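A, B, ... follow the sequence lines: proteins, then strands. Residue 1 opens every chain. Computed over heavy atoms, backbone and side chain alike; hydrogens, waters and symmetry mates excluded.
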Amino acid sequence: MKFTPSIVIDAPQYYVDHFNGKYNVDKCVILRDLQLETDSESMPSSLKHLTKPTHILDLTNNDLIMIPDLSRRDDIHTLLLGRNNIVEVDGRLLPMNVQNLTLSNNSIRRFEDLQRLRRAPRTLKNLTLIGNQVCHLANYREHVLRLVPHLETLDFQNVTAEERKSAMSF
Amino acid sequence: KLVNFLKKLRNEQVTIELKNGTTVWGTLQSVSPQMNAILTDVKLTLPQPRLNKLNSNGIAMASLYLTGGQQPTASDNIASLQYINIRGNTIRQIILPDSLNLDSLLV
Amino acid sequence: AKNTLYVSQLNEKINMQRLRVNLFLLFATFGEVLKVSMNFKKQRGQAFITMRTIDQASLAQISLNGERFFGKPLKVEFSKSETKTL
Amino acid sequence: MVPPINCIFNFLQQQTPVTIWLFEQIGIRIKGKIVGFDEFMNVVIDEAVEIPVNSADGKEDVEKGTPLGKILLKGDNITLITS
Amino acid sequence: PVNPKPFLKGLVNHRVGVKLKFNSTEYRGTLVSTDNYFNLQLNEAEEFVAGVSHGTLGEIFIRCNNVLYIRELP
Amino acid sequence: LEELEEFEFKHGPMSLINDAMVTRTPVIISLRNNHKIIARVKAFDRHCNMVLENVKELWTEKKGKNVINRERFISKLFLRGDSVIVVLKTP
Amino acid sequence: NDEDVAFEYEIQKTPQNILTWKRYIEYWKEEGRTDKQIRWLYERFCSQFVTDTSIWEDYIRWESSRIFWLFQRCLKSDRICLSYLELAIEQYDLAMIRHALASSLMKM
Amino acid sequence: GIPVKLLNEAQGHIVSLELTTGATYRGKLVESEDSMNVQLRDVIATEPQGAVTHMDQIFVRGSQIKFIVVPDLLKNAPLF
Amino acid sequence: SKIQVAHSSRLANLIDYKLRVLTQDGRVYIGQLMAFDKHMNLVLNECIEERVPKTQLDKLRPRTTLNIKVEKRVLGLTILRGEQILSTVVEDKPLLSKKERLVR
Amino acid sequence: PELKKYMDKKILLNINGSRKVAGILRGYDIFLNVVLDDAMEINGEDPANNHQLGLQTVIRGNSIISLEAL
RNA sequence: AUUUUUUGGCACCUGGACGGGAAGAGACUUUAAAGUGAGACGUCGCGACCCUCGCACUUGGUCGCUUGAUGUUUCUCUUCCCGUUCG
């Protein structure tokens, strides 16, 4: 498939509670296993139909080659992109207030593919990069940290004070 | 009496001015017996100098922003809403259409 | 087996708000996580994850079991029941 | 039990001098005697004087009070009436 | 005794000072009429803010809720 | 019921507003936000709601330590009566 | 602007999905494309579905003199002609009001 | 209508209410009235600035209530 | 993009719609409208309050490039008193419960 | 006001203007007017700053914010 | 339109830009040498020691934040490396 208005309008919208424990408050929009390939002459104009407010956008297992241009979104605090074919992480394209970003099992291969993560918003608290080729490289974690030292969690392991104090020294 | 005049202004463009100075341009859709207005395709605005006097206007600016419609960064804090319901006690003035034949509505 | 996985051997030292959010983010990769439920006053170190489908729950069981999560290796198995407060 | 209206009728009938506290004007009080009232608690006060008052440590320098004469004080402005 | 409304109906055609609860304004004028809701009509009115006159107004109608007190003026 | 309304608008204080309406003369309404309105009364009710014509609205606004007058002309207007401080008969 | 093409490819996916055409029209209303443009899109919306009158009745609900002209076409091509009876009566030229109505009674 | 009746259904539970002053009170709702007057018992009071204090019993006038927070169980009430 | 509601939607139609309710002290309460009253007393389920801090209020002045970081309180089932409501705005329609996602 | 449980007990009221009055409840009203005996204006911990009010004291009900037992 | 909701105690008061942080100034305490625009509420957390072995429908105590950020009351600015955006 590729992005079209009905796909973005019909998408299941339901409140979840995973960020609150008690109350269902985050609208989760589901676009999973849908095999949307990206096309700049079809996708961003379709995403103008993505309902507002929305809080979790779940684009897991889709054929996107880069993080979707959601830069115009103040509301999507969680963006899920697991198993997609993302190759480059342009922090401009993230939502303005994204807190959690999940890049698990993408196709990122070098720190040069990560280098524009530096541009990500200072609101970004959580990053997952598990299963990328980049996770095998030497000093990978210290590299991601000095690119974006304000992470609280990277690959589901807490960023200790000594990791942060190291990363900010560069 | 005259709320039953306002009840006739349905589907007509009004600029309601609120007690706090916010101006609500929009199509009037309803007026309750207690002057609760309902308007659609609304544009909330705060007059230019009021944005400089935050001791008086901080609450007005905060309520305008928190409508969630102030995605525009236009000066005078325009916010656009597809629908609003205004509690009648908050109305200061209603600026009416110029073409309204008042006599036919009042009589 | 069932929609609901049981997750055990969580890192006791971590704040549950982080732990529940990161369990959502961890399991969402391999399934539509409809509910993460945890209640350490009654069941320390444990969470019940309800997926949309058995195929997603089974793929998660096959892939997250033993994976490191806040340093401690995670235990995953199918739950005995559904979550009722889903 | 005395209903409040009966207590104000006691101030009226005995002509008891009262101090009245004003609703939001914490800095002013009215002293006088009530010569009539109504179900809204409007009061006609005779010999009324407005007294400057401090906001906290609330001393009342009656020596600088200003005599109003007889006034109808609208009841939505009363907060307390006391001997 | 004199109840509020009989009293105010007694001040008609006499000069009164209506002090408002706002702006420190007091209107001094001849009371022409009053409502059961204690609205007031004054004639020959003078606006005073804090005791400084803003000059003669002519006729004014004063909404009841603005009034702090009405005092007769000797 | 309504006979009392026709009494109060004829003898009572609102007879001023009524006279201004019938003689079509403009009134200087003074509002709770210190705006003046100079206007013709077209209709009113017991709450002092009004329908007004040829409204001129007047007020001061401040820049720094000095004040500049501002003005609007509005062709037709409705005024909610709770905001009225005073209504003055224009001579 | 680009956004129309996102609906055009969707029409190429499944053209008999009426809700696609409806959302496309809705976007053209919200932006405010000209009457002569929206006419072309409504005529496409009819032509892809020329076997059913209901979409013509939605078109007439937007075209509402051209709505009378197309209504004369739709009467020439019967529940919509029944819906036309109040408009047709006001024409007063009795052959033009009565012939379509008796045709609708003939195909009742 | 329903909103006051819901405040009758909350009797016996720990309500939390904020006044127009910004003061907060939390305690057992032992009485409530159609005006939204309330009586709280065993009350954690809190000045607008956050200075906590504690009280045995309090009556609150309806006019001064900004909002009242009610137990979640009552979202199951038959009123709705 | 944003939700559109039919123009005839009175407050009685907006039950189970998630409102933003705007109040006389410059704060907003967000929650599904469960019930209302002649006064506009409202019952809001799973209610959350937002306010604009005095540190952020300056960012509302003239120069979507502004990004206000509001402060929020999760309240839960809440009764708003009518006197406090200035205005109400529709934020969202009744969503499907996530239960309904469950395939079996 | 089903306020009878406070009758003849001492109470402390917070009333409009952040003012406080304490006294003995001797009666109440539909509008929640109240009558206090032995009334005192409270504004601090120091008994020299608190002022004994008159023998009888009527509080107009719309002024009362809360009425706290003692 | 008259105390408890809706007919008002409300109103006076080249270049630009943001953000990493460094150096000085400042201010207060020490005896030339060492510390960092005032005083105080609260709250999110973070990270260590102290509670529990696990399949349900508020883990508990305690200490540092010498900042990890944040909201709120009361009193009296120059300069250099540099990240990122704008026309």
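- With both pairing distances under 3.5 Å, K:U3 is matched to nothing as a Watson-Crick or G-U wobble pair.
- With both pairing distances under 3.5 Å, K:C80 is matched to K:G21 as a Watson-Crick or G-U wobble pair.
- Closest-nucleotide positions on RNA chain K for C:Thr83 and C:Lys13 were compared, and the one nearer the 5' end corresponds to C:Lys13.
- A 3.5 Å limit on both hydrogen-bonding distances identifies K:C86 as the Watson-Crick or G-U partner of K:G15.
- The partner of K:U70 is K:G42, judged by Watson-Crick or G-U wobble contacts that both fall below 3.5 Å.
- Checked by atom type and distance alone, the side chain of A:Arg164 pairs as donor or acceptor with a backbone atom of A:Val159 at under 3.5 Å.
- A nucleotide of RNA chain K counts as in contact with chain D when one of its atoms lies under 4.0 Å from a heavy atom; the first and last such, 5' to 3', are K:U2 to K:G9.
- Both distances falling under 3.5 Å, in either a Watson-Crick or a G-U wobble arrangement, occur for no nucleotide opposite K:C55.
- Nucleotide K:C49 has K:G61 as its partner under the Watson-Crick or G-U criteria, with both atom distances under 3.5 Å.
- Look at K:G9: its glycosidic torsion is within 90° of 0, and that puts it in the syn range.
- Applying the Watson-Crick and G-U wobble criteria (two distances, each under 3.5 Å), K:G8 pairs with nothing in any strand.
- If you check K:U58 against K:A34, you find neither a Watson-Crick nor a G-U wobble pair with both contacts below 3.5 Å.
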